[PDB]
Amino acid sequence: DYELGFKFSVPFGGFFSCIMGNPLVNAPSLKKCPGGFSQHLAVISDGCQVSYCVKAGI
Amino acid sequence: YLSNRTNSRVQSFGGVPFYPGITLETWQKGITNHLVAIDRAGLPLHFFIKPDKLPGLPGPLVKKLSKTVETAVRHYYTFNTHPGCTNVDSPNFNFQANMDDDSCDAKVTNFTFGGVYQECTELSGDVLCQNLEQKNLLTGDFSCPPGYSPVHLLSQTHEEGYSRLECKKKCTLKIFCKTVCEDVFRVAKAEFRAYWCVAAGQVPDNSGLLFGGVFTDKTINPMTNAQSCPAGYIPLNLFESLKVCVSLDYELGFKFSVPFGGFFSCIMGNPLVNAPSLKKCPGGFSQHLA
Amino acid sequence: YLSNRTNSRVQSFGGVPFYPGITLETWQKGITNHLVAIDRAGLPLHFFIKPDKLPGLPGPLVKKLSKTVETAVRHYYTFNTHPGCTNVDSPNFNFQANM
Amino acid sequence: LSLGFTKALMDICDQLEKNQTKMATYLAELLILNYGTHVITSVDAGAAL
Ligand SMILES: *[C@@H]1O[C@H](CO)[C@@H](O)[C@H](O)[C@H]1NC(C)=O
Ligand SMILES: *[C@@H]1O[C@H](CO)[C@@H](O)[C@H](O)[C@H]1NC(C)=O
Ligand SMILES: *[C@@H]1O[C@H](CO)[C@@H](O)[C@H](O)[C@H]1NC(C)=O
């Protein structure tokens, strides 16, 4: 819901594991962190780290 | 063969000085004073430097002052506000009209040699591979990251025995069968092959990271002066007893990183210089035991 | 193969500092003070900026003032009242005459 | 503001009026080392275990 999300959203993105690919750019030609968002850990799964590209805009 | 193993860890802040036999109550009733700030929120101090909050003073001059204080913060915030050098640590050969407390044990000027990697090889049985598997994080499996080299840190072997599980059924003469559960001794062995990960050359900052923090359960971590991982660090248990902490994120690492390098055992080689022609400590960093 | 699994979670606000062995009573009797606002209702503060509630001041000017305060709220309400940028977080490279 | 805080602040201000940038910026750096980079406006008196 919009209600308090509009001010508490942190408009994230997405990112696969460090071994898997990525959804966004930095036609499958790229495979690495989708843009910026350096390794801000969220969870480890048997060796691979799962992170995102969490934008914090307006 | 009986073996208890008990742990316990209270961690209170803050009430009456804790002690094991204490009730869960006399703790509470004794909280009258002994209160502690469990959560706090404030503002950047530059916000409080404003002509209203200040007594009689020239208007635009307090704007100047606020900007100066804020820039000083900025300096102290991003890096250690360095005009010329780190100053207070070992005040001998430093420019000390500023303030700067980076670190003291620096002996090398090597580059950002990130990465963490190893190899857990089994010699016999299947016991030790499941827990000595300190697989690489930067790749999600046994590999180095691109631009780095998984050069062999150290090989080592261990010999432990576990009375395994055995619940097997045995037929007597193909008519009836019995299940003869009989757990058997077995000395398993695993050859622990550590492979220190080091960058090959200039790193792209998109996928080249800096880290820091190494200690055992017995050796203290002088990095954090503790026996655990500092905040924002996964303790990667690369070694037999080491938990190599990872600066997986920039956030506080930029100011608490200590941009390490790598080094094999004194019998094994080394990753950096002081085309395999050299075998001795990679550069400086005299024997600072880990 | 036996396996108990117990949970427990009290969440009180607000009486005497809770503790497990407490009765459901000594909680109550000890509520003499230790009261807490469990529910509240009020008005938007722009409503309270009116010439009657204010001391001697120019009439239309308090209308101006109420409109300004209300617009400031509006700004702070919808988005984070941004003239130029996010300011207090990491005050290094931000335009920080706003909030 | 506190007394010591105002003292340090108007000291840096006298340094800037006295045009001595180096001593001024060093005094500001000392201020930030001596009074932290943020002032607290809210705490929660409690305890945990
Ligand atoms: C410790 O070992 C004893 C036997 O000596 C056993 O009865 C007990 O369950 C074990 N654990 C504890 C917590 O005492
Ligand atoms: C816990 O396990 C015991 C057996 O040790 C059983 O008697 C009891 O019902 C279980 N549950 C609780 C709440 O004690
Ligand atoms: C202060 O220093 C600046 C830069 O050197 C100079 O232009 C100015 O004349 C000095 N004095 C005053 C009062 O600003």
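As stated in the entry header, the method of structure determination is cryo-EM and the reported resolution is 5 Å.

1. With respect to the overall build of chain D
Scanning chain D from terminus to terminus reveals two helices and one strand. Its helices and strands taken in sequence order, chain D reads α-α-β from the N to the C terminus. Classification of the 49 residues of chain D by burial places 27% in the buried group. Accessible area for chain D stands at about 3100 Å²; split by element, carbon and sulfur atoms hold 54% of it.

2. Observations regarding unusual backbone geometry
Excluding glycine, residues mostly carry a negative phi; peptide bonds, for their part, are mostly trans. Following B:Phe13, the chain continues to B:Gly14 via a peptide bond in cis, the omega torsion being 0°. Mapped onto the elements, B:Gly14 comes out in the segment before α1 (26–29). Note the cis peptide between C:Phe13 and C:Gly14, where omega equals 0°. Take C:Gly14: it is sitting in the segment before α1 (26–29). Even without being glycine, A:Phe37 reaches a positive phi, approximately 55°. Positive phi is not limited to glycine here, since A:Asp46 has a value of about 40°. Mapping A:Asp46 onto the fold places it in the loop between β1 (43–45) and β2 (48–50).

3. Considering a nonpolar patch on the surface
Residues and elements named next belong to chain D. Where nonpolar side chains cluster on the molecular surface, the patch consists of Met-23, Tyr-26, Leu-30 and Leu-33 and spans about 340 Å² of accessible area. With respect to the helices and strands, the residue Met-23 is situated in helix α2 (residues 21–35). On the basis of relative accessibility, which here comes to 41%, the residue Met-23 falls in the partly exposed class.

4. Notes on the interface of chain B and chain C
Listed by partner, the interface residues are eleven residues for chain B and eleven residues for chain C. Summing the contributions of chain B and of chain C, the shared interface buries around 950 Å²; its carbon and sulfur component is 69%. Scanning the region where chain B abuts chain C turns up zero salt bridges. In this structure, the connection of chain B to chain C is made through three residue pairs in polar contact. Taken together, the residues that form the side of chain B that touches chain C break down as four nonpolar, three polar and four charged.

5. What about the packing of aromatic side chains?
Remark: the centre distance and the inter-plane angle together describe each pair of aromatic rings, the angle taken between the planes. Scanning the entire structure with this criterion turns up 14 aromatic pairs over all chains. Between B:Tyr117 and B:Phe142 the ring centres are 6.0 Å apart and the planes differ by 70°, which places this aromatic pair in the edge-to-face class. Residue B:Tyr117 is found in the loop between α2 (59–78) and β2 (118–124), and its partner B:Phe142 is found in the loop between β2 and β3 (148–161); the two are separated by 25 residues along the sequence. On the basis of relative accessibility, which here comes to 30%, the residue B:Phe142 falls in the partly exposed class. Through successive ring pairs, a cluster of aromatic residues spans B:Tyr117, B:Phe142 and B:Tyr195. Note that A:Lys7 overlies the ring of C:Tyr76, its terminal NZ or CZ placed 5.3 Å from the centroid. B:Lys255 extends its terminal NZ or CZ atom over the ring of B:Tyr76, reaching a point 5.3 Å from the ring centre.

6. Remarks on helix α1 (residues 3–17) of chain D
With 15 residues, α1(D) should cover 21 Å at 1.5 Å per step; its first-to-last C-alpha distance of 21 Å lies within 8% of that length. Every buried residue of α1(D) is listed here: D:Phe5, D:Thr6, D:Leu9, D:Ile12, D:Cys13, D:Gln15 and D:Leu16. Taken together, the buried residues of α1(D) touch α2 of chain B together with α2 of chain D. Remark: D:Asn19 follows α1(D) within two positions and exhibits a positive phi of approximately 70°.

7. Things to note about the interface of chain B and chain D
How big an interface is tends to be stated in terms of accessible area lost as the parts join. Facing the 34 residues of chain B at the interface are 27 residues of chain D. Counting each side, the surface lost to burial between chain B and chain D is near 2900 Å², with a carbon and sulfur contribution of 76%. Area buried by chain B at its contact with chain D is led by B:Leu45, B:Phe48 and B:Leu65, which between them contribute 17% of it. At the boundary of chain B with chain D, the tally comes to zero salt bridges.

8. So, the packing of α1(D) against α2(D)
Residues and elements named next belong to chain D. For the pair α1 and α2, interaxial distance at closest approach is 8 Å and the crossing angle is 165°. Put simply, α1 runs roughly antiparallel to α2. The two elements α1 and α2 cross, and the hand of that crossing is left-handed. Side by side, α1 and α2 meet where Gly-4, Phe-5, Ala-8, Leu-9, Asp-11, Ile-12, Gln-15 and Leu-16 of the first sit next to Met-23, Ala-24, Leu-27, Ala-28, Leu-31 and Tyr-35 of the second. Across the contact of α1 with α2, the residue classes tally to eleven nonpolar, two polar and one charged.

9. Some points on the sheet that holds β3(B)
Residue and element names in this part refer to chain B. Spatial ordering of the open sheet is given by β2-β6-β3, a layout of three strands whose pairing is antiparallel. For this open sheet the edge positions go to β2 and β3, each flanked by a neighbour on one side alone. Neighbour-to-neighbour, the strand axes of this sheet turn through a mean angle of 15°, independent of strand direction. With six bridges connecting them, β2 and strand β6 (residues 187–199) associate as antiparallel partners. Each residue of the ladder has a partner; that of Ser-124, found in β6, is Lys-189.

10. Some points on α2(B)
Residue and element names in this part refer to chain B. Compared with an ideal rise of 1.5 Å per residue, which puts 20 residues at 28 Å, α2 spans 29 Å between its outermost C-alpha atoms and is within 8% of the ideal. Listed as buried for α2 are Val-62, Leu-65, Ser-66, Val-69, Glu-70, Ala-72 and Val-73. Across the axial projection of α2, the buried residues extend over an arc of 155°, all falling on one side. Exposed residues lying more than 90 degrees from the buried face of α2 are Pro-60, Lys-63, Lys-64 and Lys-67.

11. Things to note about the side chain of B:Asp249
Residue placement: B:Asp249 occurs in the segment after β8 (244–246). For the buried B:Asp249, which has no salt bridge, the nearest side chain bearing the opposite charge is B:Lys255, at an N-O separation of 14 Å. Looking at B:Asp249, its side chain comes within polar contact range of the main-chain nitrogen of A:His40, at 3.2 Å. When residues no more than four places from it in sequence are discounted, the contact partners of B:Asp249 are A:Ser38, A:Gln39 and A:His40.

About the thresholds
Residues numbered from 1 in each chain as written, not as in the entry; some residues may be left out. Chains lettered and ligands numbered in written order. Part of a larger assembly, values for the part shown. Heavy atoms only, no water. Helix = DSSP H or I, 4+ residues; strand = E, 2+ residues; numbered from the N terminus. Buried < 20%, exposed > 50% of the residue type's maximum accessible area, 1.4 Å probe, protein only. Areas by Shrake-Rupley, 256 points an atom, 1.4 Å probe, with all protein chains shown as cover. Patch = residues over 30% accessible without salt bridge, like charges linked within 9 Å, V, L, I, M, F, W, Y side chains within 5 Å. Salt bridge = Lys/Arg side-chain N within 4 Å of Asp/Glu carboxyl O. Contact = heavy atoms within 4.5 Å. Buried area = accessible area lost by both parts, 1.4 Å probe. Polar contact = N/O pair within 3.5 Å; in protein donor to acceptor, adjacent residues only side chain to side chain. Nonpolar A, V, L, I, M, F, W, Y, C, P; charged D, E, K, R; others polar. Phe/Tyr/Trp six-rings, centres within 6.5 Å; stacked < 30°, edge-to-face > 60°. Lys NZ or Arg CZ within 6 Å of the ring centre and 35° of its normal. Expected span 1.5 Å × (residues − 1). Axes fitted to C-alpha atoms, helices over the stretch in contact; angles between N-to-C directions. Parallel < 35°, antiparallel > 145°, perpendicular 65-115°, else oblique. Left-handed = near helix turned anticlockwise from the far one by under 90°. Pairing = 2+ DSSP bridges. Arc of directions from axis to C-beta. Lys, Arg positive; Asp, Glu negative; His and termini not counted.

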